[PDB]
Every structure is written in structure tokens, then in C-alpha cells.
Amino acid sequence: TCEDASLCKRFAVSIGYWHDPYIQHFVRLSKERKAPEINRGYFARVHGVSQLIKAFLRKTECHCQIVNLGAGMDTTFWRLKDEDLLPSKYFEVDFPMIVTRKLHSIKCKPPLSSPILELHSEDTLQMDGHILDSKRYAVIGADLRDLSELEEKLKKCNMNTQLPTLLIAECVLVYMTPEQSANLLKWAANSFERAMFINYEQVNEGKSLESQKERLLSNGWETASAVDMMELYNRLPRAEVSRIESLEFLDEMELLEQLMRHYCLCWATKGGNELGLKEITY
């Protein structure tokens, strides 16, 4: 198989799993039927990441940055806006062609482009090449395997290494070699005195939660934790589990647990003991 996370998110949203008025402006809705455990897995993934982000936002009082590496058609910028939880600046990185596609959608959809300009210092946006830079939001076409390019393009969109900064790689690191991803993680740690990293990945051949923790600790992070997605699903608020479990009928074969045990959410911090960053959990 090979899956597009943003199509699957659009699908789960359509059934009611979580609130996202924005994703429909990026991608079409499939009319297939899906095994509902897939939707539950997506809900757990998005809820886990989101609880971690909001924890970070709370500790930093939003005086911070978020850099989402390999963001795709993520809608989180627009969701945080609506919740009044925006960071000082929000950055996205993806391949240039993935970025062009995202920019074309923002250009064609005032429900996407109005909020960006509202928070912008001008009434117009320059969408030259494969970058959109504005006051609170930037989408940057770059290759995550070229760390010096990555850093140059970020800094020229006003990424400030003095601000606490949260970086997210949500199903991205698998697309690069272990050396390349280790180098990304290391760069991320080296560039900020105060920082958090969130990594959501499949637990492949040979990997384990402990190797996931060590992958971060050995690349310059000072704290790390990791849970498999079934532990996380099991720890979801009972009101949310109740809400999402009555959306679709699930048969009696306990295949949710088969699916989720192969995914993990890991997060690490560096500095900001003053901020209580090492205390953040999902």
C-alpha cells in the first residue's frame, strides 16, 4: 500500500471524527468505504499531535514558533487561528511541487487566503516560486535532506532561533535514509537553545519505542518520550472516545489494536526547564 494522509484526514473529517472546515478546500473526498479502524487510527494520530502542540503553546504562552516539516496539506495553522492559539509564527516545509499545489489552493480559496492576510502586514501576498511568506504564516518549498538550504530559507522567512521552537515531523522521516533523518533531528536540536520535537511514525522492522527515544537523545535532544498508538488510544479522554466510537460500527475482531501497535508518537525537548518543557505529555 501507499496512502495520502491528507485524503484520509478529509475522509475521517467528513464522517465527524474531528472538526476541520479547511481540509475540504485542499483535497477531494473519496466515496469508497473504509475500514472504520483506519479512521480511528487517524483520529488518535491527529489528537495526539494536537495535544502535544497545545501543551507547548500553553507553556510558552504562544510566544514561540512551530515548524512543521513535511506538512503536506496540513490545516493546523487555520485550526489554531480559530482557537486563538497561534504561535508568534507558523512555518511549513515540504517539497517545492507539494508547496506549489498548496499555494494554488490558497490562491483559489478565500476561506484559506483571507485569514492569512488578516494577520499579515500588507493586503496582498507575493506567492513567487515555491514560497509563501507572511507575518504569521510561511510555507516553504525545500528538501529536508539539504539542511543548509532548509535553514537559509527558514531564516529568510524570519525564523528566529531565540524563540522556543516546536518542530514536527508527522510521517515524514520514513521518506529519508536513517542518516538523513538523524541529521535533520540533530540540526533541529543544534539550531535552538529551547525546543521541542514531535515525531509520529510507523514502527518498522527493527525499531522500537526505546530506539525511537534514543534516536532523539543521541541527536542532541535532552529529554524524550514515546508511546505506541494503542497506549495513546487507550488514554484518550472518555468524552472523545465516546464521541468518536459512536460515529461508526466496529466489528468484534479487535483489529484496531493490530493497526495501532505499529505506530508511535515520540516527542523530545531541549532547554526551557524554566518553561517546564520537559514536563509536556500527550
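The first residue of the sequence shown is number 1, and the count goes up from there.
S.K.: So which stretch wins on mean C-alpha B-factor, 116 to 124 or 69 to 77?
M.R.: Between 116 to 124 and 69 to 77, it is 116 to 124.
S.K.: Using the B-factors recorded in the PDB entry, average over the C-alpha atoms of 31 to 39 and of 253 to 261, then report which stretch comes out higher.
M.R.: On average, C-alpha B-factors are higher across 253 to 261.
S.K.: Going by the deposited entry, which of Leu216, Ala55, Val49, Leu247 has the highest CA temperature factor?
M.R.: Out of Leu216, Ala55, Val49, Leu247, the record gives the largest C-alpha B-factor to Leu247.
S.K.: For the C-alpha B-factor as written in the entry, point me to the maximum among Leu163, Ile168, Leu103, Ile140.
M.R.: Reading the PDB entry, the winner on C-alpha B-factor is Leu103.
S.K.: Comparing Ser148 with the other modelled residues of its chain, is its CA B-factor in the lowest, middle or highest third?
M.R.: Within its chain, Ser148 is a highest-third residue by C-alpha B-factor, going by the deposited values.
S.K.: Grab the CA temperature factor for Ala224 from the record and place it in the lowest, middle or highest third of its chain.
M.R.: Tercile = lowest for this residue's CA B-factor.
S.K.: Compare the C-alpha B factor of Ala239 with those of the other modelled residues in its chain, then answer lowest, middle or highest third.
M.R.: Its C-alpha B-factor belongs to the highest third of this chain's values.
S.K.: How does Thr269 rank on Cα B-factor within its chain, lowest, middle or highest third?
M.R.: Lowest third - that is where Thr269 ends up once the chain's C-alpha B-factors are sorted.
S.K.: Where does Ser211 sit by CA temperature factor within its chain: lowest, middle or highest third?
M.R.: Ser211: CA B-factor falls in the highest third of its chain.
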